[PDB]
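S.K.: Enclosed is the structure file structure.pdb (PDB, C-alpha atoms (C1' of nucleotides)).
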ATOM      1  CA  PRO T   5     130.364  86.159 135.392
ATOM      2  CA  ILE T   6     128.275  88.314 133.039
ATOM      3  CA  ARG T   7     125.777  86.824 130.580
ATOM      4  CA  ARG T   8     126.054  89.102 127.534
ATOM      5  CA  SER T   9     122.604  88.428 126.109
ATOM      6  CA  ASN T  10     121.078  90.360 123.231
ATOM      7  CA  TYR T  11     118.664  93.089 124.262
ATOM      8  CA  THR T  12     114.932  92.881 123.639
ATOM      9  CA  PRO T  13     113.425  95.702 121.545
ATOM     10  CA  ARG T  14     110.925  97.813 123.454
ATOM     11  CA  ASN T  15     108.472  97.947 120.534
ATOM     12  CA  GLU T  16     108.073  94.159 120.482
ATOM     13  CA  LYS T  17     104.834  93.129 122.172
ATOM     14  CA  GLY T  18     105.155  91.006 125.297
ATOM     15  CA  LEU T  19     102.986  91.662 128.353
ATOM     16  CA  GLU T  20     101.703  95.104 129.343
ATOM     17  CA  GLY T  21     100.006  95.868 132.638
ATOM     18  CA  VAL T  22     100.137  97.707 135.940
ATOM     19  CA  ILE T  23     100.768  95.920 139.232
ATOM     20  CA  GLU T  24     100.070  97.716 142.500
ATOM     21  CA  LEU T  25     102.455  97.051 145.375
ATOM     22  CA  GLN T  26     102.057  97.769 149.086
ATOM     23  CA  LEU T  27     105.166  98.861 150.986
ATOM     24  CA  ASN T  28     105.077  98.387 154.759
ATOM     25  CA  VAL T  29     107.757  99.296 157.301
ATOM     26  CA  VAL T  30     108.259  96.678 160.003
ATOM     27  CA  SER T  31     110.821  98.427 162.236
ATOM     28  CA  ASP T  32     108.817 101.665 162.773
ATOM     29  CA  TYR T  33     111.915 103.718 161.901
ATOM     30  CA  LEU T  34     112.367 104.656 158.240
ATOM     31  CA  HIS T  35     114.027 107.797 156.890
ATOM     32  CA  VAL T  36     114.851 108.734 153.308
ATOM     33  CA  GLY T  37     116.294 112.216 153.107
ATOM     34  CA  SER T  38     115.909 114.968 150.549
ATOM     35  CA  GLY T  39     118.928 117.121 151.418
ATOM     36  CA  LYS T  40     116.732 119.634 153.254
ATOM     37  CA  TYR T  41     117.567 120.727 156.805
ATOM     38  CA  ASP T  42     114.822 123.247 157.542
ATOM     39  CA  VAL T  43     111.273 123.357 158.876
ATOM     40  CA  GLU T  44     108.222 122.142 156.969
ATOM     41  CA  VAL T  45     105.631 124.592 158.430
ATOM     42  CA  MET T  46     102.785 122.099 158.757
ATOM     43  CA  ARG T  47     100.087 124.224 160.407
ATOM     44  CA  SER T  48     100.736 127.182 158.063
ATOM     45  CA  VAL T  49      99.292 129.891 160.295
ATOM     46  CA  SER T  50      98.171 132.825 158.132
ATOM     47  CA  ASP T  51      97.593 135.182 161.080
ATOM     48  CA  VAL T  52      99.685 138.066 159.761
ATOM     49  CA  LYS T  53      96.703 140.247 158.812
ATOM     50  CA  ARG T  54      96.311 141.896 162.222
ATOM     51  CA  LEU T  55     100.098 142.150 162.626
ATOM     52  CA  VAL T  56     102.131 141.950 159.417
ATOM     53  CA  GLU T  57     105.611 140.756 160.412
TER      54      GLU T  57
ATOM     55  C1'   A Q   1     157.334 175.711   0.046
ATOM     56  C1'   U Q   2     149.144 174.597  -0.239
ATOM     57  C1'   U Q   3     145.879 181.354  -3.265
ATOM     58  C1'   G Q   4     148.296 181.737   2.620
ATOM     59  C1'   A Q   5     149.745 183.611   6.962
ATOM     60  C1'   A Q   6     148.638 184.041  12.741
ATOM     61  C1'   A Q   7     145.725 184.046  16.429
ATOM     62  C1'   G Q   8     143.854 179.017  23.573
ATOM     63  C1'   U Q   9     136.542 179.792  22.609
ATOM     64  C1'   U Q  10     139.130 182.115  26.517
ATOM     65  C1'   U Q  11     137.930 184.587  30.331
ATOM     66  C1'   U Q  12     134.376 185.517  35.306
ATOM     67  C1'   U Q  13     130.181 182.960  38.866
ATOM     68  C1'   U Q  14     130.941 178.059  45.873
ATOM     69  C1'   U Q  15     124.529 173.858  43.859
ATOM     70  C1'   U Q  16     123.479 177.475  48.399
ATOM     71  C1'   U Q  17     119.229 178.446  52.004
ATOM     72  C1'   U Q  18     114.662 176.628  54.891
ATOM     73  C1'   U Q  19     113.795 171.085  58.359
ATOM     74  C1'   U Q  20     115.396 167.987  66.002
ATOM     75  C1'   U Q  21     113.385 160.642  62.911
ATOM     76  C1'   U Q  22     109.576 163.034  66.283
ATOM     77  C1'   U Q  23     104.654 161.682  69.732
ATOM     78  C1'   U Q  24     102.393 157.818  72.212
ATOM     79  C1'   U Q  25     104.070 152.173  75.078
ATOM     80  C1'   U Q  26     104.711 150.743  83.815
ATOM     81  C1'   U Q  27     109.061 143.592  81.672
ATOM     82  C1'   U Q  28     103.837 142.449  84.732
ATOM     83  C1'   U Q  29      99.878 138.282  85.661
ATOM     84  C1'   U Q  30      99.800 134.047  88.951
ATOM     85  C1'   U Q  31     102.696 130.439  93.318
ATOM     86  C1'   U Q  32     101.999 130.179 101.906
ATOM     87  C1'   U Q  33     109.701 128.128 102.433
ATOM     88  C1'   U Q  34     106.451 123.382 104.302
ATOM     89  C1'   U Q  35     106.902 118.213 105.678
ATOM     90  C1'   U Q  36     107.794 113.868 108.663
ATOM     91  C1'   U Q  37     111.438 113.980 114.494
ATOM     92  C1'   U Q  38     108.712 113.267 122.567
ATOM     93  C1'   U Q  39     115.266 117.252 124.794
ATOM     94  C1'   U Q  40     115.084 111.127 125.636
ATOM     95  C1'   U Q  41     118.063 106.934 128.502
ATOM     96  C1'   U Q  42     121.551 105.516 132.661
ATOM     97  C1'   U Q  43     122.133 107.274 138.862
ATOM     98  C1'   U Q  44     118.688 104.407 146.148
ATOM     99  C1'   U Q  45     120.217 111.915 149.614
ATOM    100  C1'   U Q  46     123.357 109.370 151.174
ATOM    101  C1'   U Q  47     128.491 105.918 156.093
ATOM    102  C1'   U Q  48     133.176 104.892 160.931
TER     103        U Q  48
END
Would you kindly transcribe this structure into structure tokens?
M.R.:
Amino acid sequence: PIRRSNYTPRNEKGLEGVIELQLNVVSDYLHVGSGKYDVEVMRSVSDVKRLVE
RNA sequence: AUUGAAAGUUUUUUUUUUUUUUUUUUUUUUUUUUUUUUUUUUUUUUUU
């Protein structure tokens, strides 16, 4: 079932801090998409000066 | 029934003319439409 407990105000002072995690992939195959289906142009060759298009 | 009387104090004459209640006198002098308010929270680019 659901425990309908009263909410805690955000202004009330509890504990504040930053914890740094470390995410590791164990199965060497991880993909999270972004909806894109095109190239990423990694090298980004800018050799259009001598021949422009 | 007088000594004994019968006569309008009347006719006629415009209190009228000249003269702008006028000139000058700015309903203005000052005053910030500012002032506190996070366009914020919820949502796994994803399966037979």
S.K.: Taking the file as shown, what set of residues would the PyMOL selection byres ((chain Q) within 12 of (chain T)) give back, as a ChimeraX atom specification?
M.R.: /Q:44-46
S.K.: Output as AutoDock Vina command-line options the centre and edge lengths (Å, one decimal) of the box along x, y and z of the file that holds every listed atom of segment 51-56 of chain T after adding 6 Å on each side.
M.R.:
--center_x 99.2 --center_y 138.7 --center_z 160.7 --size_x 17.8 --size_y 19.0 --size_z 15.8
S.K.: What is the distance between atom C1' of residue 40 of chain Q and atom CA of residue 12 of chain T, in Å to one decimal?
M.R.: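 About the pair atom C1' of residue 40 of chain Q and atom CA of residue 12 of chain T: they are 18.4 Å apart.
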S.K.: Which distance in Å separates atom CA of residue 27 of chain T and atom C1' of residue 43 of chain Q, to one decimal?
M.R.: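 A separation of 22.5 Å between them.
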S.K.: Any idea what the distance is between atom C1' of residue 42 of chain Q and atom CA of residue 13 of chain T?
M.R.: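 Distance between the two atoms: 16.9 Å.
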